[PDB]
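S.K.: Before the rest arrives, take these chains from my complex:
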Amino acid sequence: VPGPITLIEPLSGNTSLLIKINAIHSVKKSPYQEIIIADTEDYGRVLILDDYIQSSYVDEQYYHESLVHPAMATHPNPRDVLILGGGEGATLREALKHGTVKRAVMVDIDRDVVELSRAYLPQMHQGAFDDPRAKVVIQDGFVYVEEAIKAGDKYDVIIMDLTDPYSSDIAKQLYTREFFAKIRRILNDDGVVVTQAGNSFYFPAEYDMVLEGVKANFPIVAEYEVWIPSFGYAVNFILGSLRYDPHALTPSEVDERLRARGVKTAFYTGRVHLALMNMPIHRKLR
Amino acid sequence: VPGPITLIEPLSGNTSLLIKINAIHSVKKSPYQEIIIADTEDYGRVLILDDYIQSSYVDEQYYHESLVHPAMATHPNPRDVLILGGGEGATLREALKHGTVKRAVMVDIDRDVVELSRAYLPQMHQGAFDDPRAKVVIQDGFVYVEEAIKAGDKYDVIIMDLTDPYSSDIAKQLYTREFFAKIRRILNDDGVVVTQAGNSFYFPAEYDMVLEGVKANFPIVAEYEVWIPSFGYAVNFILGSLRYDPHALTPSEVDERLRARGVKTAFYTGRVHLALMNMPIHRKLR
């Protein structure tokens, strides 16, 4: 039973997780957030920001593969990729696997998350930060997107891997209808956006606000979720597309794009893609 | 932060859930298990057996529909149904929705679970216990199956809705290779068995033992899982079939059987079926 040293991970406010801690690797009060890197018995090494597990060694591939590959596989030739957040470098790692990618930009507000992840979470980034195709920019993603509009920059796929919409003051401006309109302005005509949107079961109001924002700006929208044990819930993803429908890809087409692009995964396959496109998201039923 | 009255729900031993309790309706130490019916803020009313949530008002339909309908929809004409466990009566409720069912027998070892569920959990059974097609038998499922073999009783679908294989002494004899051989002897030649098998991520050894038991006795075996928030995990299900392959059903075939049989659901559909058949089960990836 889960001690003697325990993380109390908030889940809903009326439910919390008690997680056995084996070791604390680093604690850093950054100007933006409290960072903890720790070893958990169940999940191995974790990044914690303001008390919330962001990623674990034993299940981060479920999160990062589900966040990245459906969007990347839906785009027929994703060359220019923008990531907002993704501080541990695993979102960048998954995006770079696509041989079509020539330029991947990752924008995180917090240099301490990136530097502490570089040192203490090598199985997350796996060298992604040092890939010649990758540029790591330390900036508020809101400001970065405003400056990208003025420069008329355009991307094929935009991946939002931010802190939770229901908890995170630093990410709140990037989850609005108005921000999704700004995202559309820096997408090519066949562009795709994907974002994590917290949890539809425990935080339906915050989830619905994000969903309405994407639906108001993109004509094709897929909603899918994946159980991440270390989070205590099935994370919700919202994918917005200007041309291509992720629901239209067959397992064979997904598997052929992965093979052609040199993409190796622990989890994501054509069959996973089909399941994600067909499983409705969880809500409270009474 | 949950309290002042809290349920400490074990999950893995290295992770536990802290769940705020609004009221305790009943506590009963039966000879078989400790029974608690309580109101939780997140999940509404719950049945707890030996500290483990069995079912909640807000998400039990995810559990009971996922346990019952894939097996029932795979059988082309399920007339005789046997349920082992299912004390709250929701498994019986779901099976009875199939208009093909003429006889449903439910066998639970613990009369106190059934009677406390009848009184305190009416939204679970919804009158299923009193359906003219239903017989509720209080007996050890092991004993009932031995007596069914000697009587040469035979069923189209057998549903095992027992306490967890990783925790429950009272159910341990019903999760063995030898017990699945006994189940095959009370199935018709085109019969199907489904059982909950705990959790593949947190309890892989106990999950694998159940899987090997089913694979040794049945030529067609499907594995699928669904996130149940009140459990803290995606419950694993194992379906054993003598003739019909659930992987072969299309969404349209599932939806046509549901329509023809008068089956109304909150969750299960042809698309859910397709997703369950295509989503690999969770394991620790590192």
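M.R.: Nice, thanks for sending it over. Residues are numbered from 1 along each chain as shown, chains lettered A, B, ... in the order given.

S.K.: Please identify which helix or strand holds the nearest residue to residue A:2 once chain neighbours are set aside.
M.R.: Leaving aside its chain neighbours, residue A:2 sits nearest to residue A:20 (4.3 Å; criterion: C-beta to C-beta, 6 or more residues apart in numbering or on different chains). Quick note: C-beta positions are derived from backbone N, CA and C, even for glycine. When elements are assigned from DSSP states H and E, residue A:20 belongs to strand A:15-29.

S.K.: Beyond that strand, next helix or strand please.
M.R.: Next element after strand A:15-29 (DSSP H and E): strand A:34-40.

S.K.: wait, does that next one make contact with chain B?
M.R.: Yes. Counting by C-beta under 8 Å from any C-beta of the partner chain, chain B has neighbours in strand A:34-40: residue A:40.

S.K.: Residues contacting whichever helix or strand comes after that strand, please?
M.R.: Per DSSP H and E, the first helix or strand lying C-terminal to strand A:34-40 is strand A:44-49. Here strand A:44-49 makes contact (C-beta atoms under 8 Å, 6 or more residues apart in numbering or on different chains) with A:7, A:25, A:33-40, A:53-58, A:87-88, A:113, A:117, A:120-121, A:123-124, A:163, A:230, B:286.

S.K.: returning to what we had before: what's the angle between the strand holding residue A:20 and strand B:34-40?
M.R.: For strand A:15-29 against strand B:34-40, the angle by axes from the mean of the first three to the mean of the last three C-alpha atoms, to 10 degrees is 70 degrees.

S.K.: Break chain A into its domains for me.
M.R.: A:1-54, A:55-243 (curated CATH domains).

S.K.: Another chain to add, chain C:
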Amino acid sequence: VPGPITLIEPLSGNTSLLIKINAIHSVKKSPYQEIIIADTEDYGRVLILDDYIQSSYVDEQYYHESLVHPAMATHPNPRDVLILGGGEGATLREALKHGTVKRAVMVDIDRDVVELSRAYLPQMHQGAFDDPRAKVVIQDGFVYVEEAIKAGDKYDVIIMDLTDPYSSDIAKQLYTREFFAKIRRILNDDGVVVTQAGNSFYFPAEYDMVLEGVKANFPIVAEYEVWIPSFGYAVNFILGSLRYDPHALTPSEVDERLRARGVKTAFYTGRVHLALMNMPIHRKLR
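M.R.: Now chain C, sitting on the chains shown earlier:
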């Protein structure tokens, strides 16, 4: 870890107690406070007010005997006794044991605490509420003392058994310098006051405020403490005397007063009295 049903009892705010609950007897939102009467495995039946255990079956006699008998034994002939609080009736029970007592008045603000204690905590009051010498008044103790001054009422011993000074808004006016001045005005010239004063170790600032209030109004002040397991701390008592010094009583004199007055106890004796007068109170030493 204690469960599955647990009380999270706040202790210091940086430490809390997890207490196994076997049953909840009553929950009542009164106009003043939330009341819970519950069975704990370690402490048996408890009264809880706003999350704080007030008393337990297994250790309340340590609390009530330590609160009452040192003051009562110090007064050479206590005839008129006033109790502020003491909702469960055990303070009254201990005071009434003194054969010198002719009139005991108990004043609690909360009729629900008294009535629920009468019904659900009979081993606390043990009939004290119905003793012909006893008068139970439902009133704010602040108002009762103002009206006692105007009537020129006077008492030999005043016992304050209120909710904690560090947590309880309803009692806060009764813990001030100004309130102890009002108490002195309704004491005879040889009168004694005793109050519980929370805990000197975990709540030194609130303890010190009560102590300065008593020292400003009374020339003789004794401080003593007793470990109450169900509280998670040694409760602090402050005794204010106008004439008689509890430090001057010998074990033999205490034991003779108890014998002469027909006082039977589970804990308090002359030797206990000597120990209480000689044990310094706990503080943080670093």
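
S.K.: what do you get for the contacts of strand A:44-49 once chain C is counted?
M.R.: Contact with strand A:44-49 is made by A:7, A:25, A:33-40, A:53-58, A:87-88, A:113, A:117, A:120-121, A:123-124, A:163, A:230, B:286, as judged by C-beta under 8 Å, 6+ apart.

S.K.: Distance from the chain centre to that strand, please.
M.R.: Offset of strand A:44-49 from its chain centre (C-alpha atoms, centre = their mean, to the nearest Å): 15 Å.

S.K.: tell me which residues form a beta bridge with residue A:240?
M.R.: Going by DSSP bridges, residue A:240 is paired in beta bridges with residue A:193, residue A:221.

S.K.: Against residue B:42, how distant is it?
M.R.: Plainly put, residue A:240 is 30 Å away from residue B:42 if you go by C-beta to C-beta, to the nearest Å.

S.K.: Among those two, which residue is more densely surrounded?
M.R.: Neighbour count, other C-beta atoms under 10 Å in any protein chain shown: between residue A:240 and residue B:42, residue A:240 has more, with 26 against 22.

S.K.: so what's the nearest residue to residue A:9 once chain neighbours are set aside up against?
M.R.: Spatial nearest neighbour of residue A:9, chain neighbours left out: residue A:17 (4.1 Å); criterion: C-beta to C-beta, 6+ apart. By C-beta under 8 Å, 6+ apart, the contact list for residue A:17 reads A:7, A:8, A:9, A:11, A:232, B:11, B:15, B:16, B:17, B:18, B:232.

S.K.: Residue of the stretch 51-200 of chain A closest to chain C, please.
M.R.: Nearest residue of the stretch 51-200 of chain A to chain C (C-beta to the nearest C-beta) works out as residue A:51 at 15.9 Å.

S.K.: Over to the stretch 1-150 of chain A?
M.R.: residue A:1 (4.7 Å).

S.K.: which residue sits closest to that residue, ignoring its sequence neighbours?
M.R.: In this structure, residue A:1 finds its nearest non-sequential neighbour in residue C:1, 4.7 Å apart by C-beta to C-beta, 6+ apart.

S.K.: Chain D should join the structure above:
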Amino acid sequence: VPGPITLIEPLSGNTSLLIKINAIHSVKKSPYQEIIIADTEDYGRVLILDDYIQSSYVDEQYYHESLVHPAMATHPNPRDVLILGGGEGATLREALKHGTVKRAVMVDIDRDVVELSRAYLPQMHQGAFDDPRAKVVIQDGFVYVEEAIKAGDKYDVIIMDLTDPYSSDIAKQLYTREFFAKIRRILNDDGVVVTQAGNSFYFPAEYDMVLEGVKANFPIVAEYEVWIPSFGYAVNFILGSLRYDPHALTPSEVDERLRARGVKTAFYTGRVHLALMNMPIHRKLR
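M.R.: The block that follows adds chain D to the chains above:
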């Protein structure tokens, strides 16, 4: 709730403490026990062995002074002192304050406790380990006492500061009748033994076993307790004496021995001694 990083300190099994951790300094799985040195908000720096707090910066002086000084002050000229356990070096620190002491031997089974205490808990040992009068021996205390009998060694005062009798497999042989007989064989004819004996309230059976073991071997036995906040209980001590009765010492005699011997304390005085000798130990009263 105290968090996000928490120590779950077992107390009774039906009560546990949740203690906020500010930092973890060191974690060592020794062959004998799990060792944690941590900073707590309430208690400052702590040593934890197998989940149990052994000592805290804010209250260890209550524990170590109460364990050592009553026995040392009862002996009229304690020259040779043996300590079994006392890994953090505070028991040794208190014993060495007595100017009569020429030789103090401290025997702990676990070199990791001693070395981690030397480095991370300097306010506990305060250089005691390096005092010319002190010998620190890493050995099982059982073996050390058997070898002391064979060498015919004799001591004036033996202090047992071991892990708890109710929890600690490594110490269990040192808490038996037979072990107290071995202790008597290495005492001078006016010798005194003192041991911590867990807690009489929460662990009465284990406490009573230790008490019967001492009473079978020593004609004078004193029982006393002190509240240690960081433990969640009043630790019980049992003192066994061959000639001198600690109940016979007056405050003045104790204070004169402390003054003559150059003993400076934060807590222990003649009045404390009197209180310890007069306070009965806590038991469940219903």
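
S.K.: Repeat for the contacts of strand A:44-49, accounting for chain D.
M.R.: Strand A:44-49 is contacted by residues A:7, A:25, A:33-40, A:53-58, A:87-88, A:113, A:117, A:120-121, A:123-124, A:163, A:230, B:286, D:4 when judged by C-beta under 8 Å, 6+ apart.

S.K.: Run through the residues of the stretch 1-150 of chain A sitting next to chain C.
M.R.: When proximity is defined as C-beta under 8 Å from any C-beta, the stretch 1-150 of chain A approaches chain C at A:1, A:2, A:3.

S.K.: ok, so of those, who is nearest residue A:171?
M.R.: Using C-beta to C-beta, residue A:2 comes nearest to residue A:171 of the residues of the stretch 1-150 of chain A next to chain C, at 29.3 Å.

S.K.: So that closest one: helix, strand or coil?
M.R.: With DSSP: H, G, I helix; E, B strand; the rest coil as the basis, residue A:2 sits in coil.

S.K.: same question, residue A:160
M.R.: Assignment for residue A:160 (three-state DSSP): strand.

S.K.: just checking, it touches residue A:174?
M.R.: Yes. Taking C-beta atoms under 8 Å as the definition, residue A:160 is a contact partner of residue A:174 at 6.6 Å.

S.K.: joint contacts of the two?
M.R.: A:84, A:141.

S.K.: Count the residues that sit near residue A:169.
M.R.: Using other C-beta under 10 Å, residue A:169 is surrounded by 10 other residues.

S.K.: quick one: it is in a strand?
M.R.: No. Counting by three-state DSSP, residue A:169 falls outside a strand, being coil.

S.K.: which residues sit in contact with it?
M.R.: Counting by C-beta under 8 Å, 6+ apart, residue A:169 touches no other residue.

S.K.: What sits closest to residue A:215 if chain neighbours are left out?
M.R.: Counting by C-beta to C-beta, 6+ apart, residue A:221 is the residue found nearest to residue A:215 once chain neighbours are left out, at 5.4 Å.
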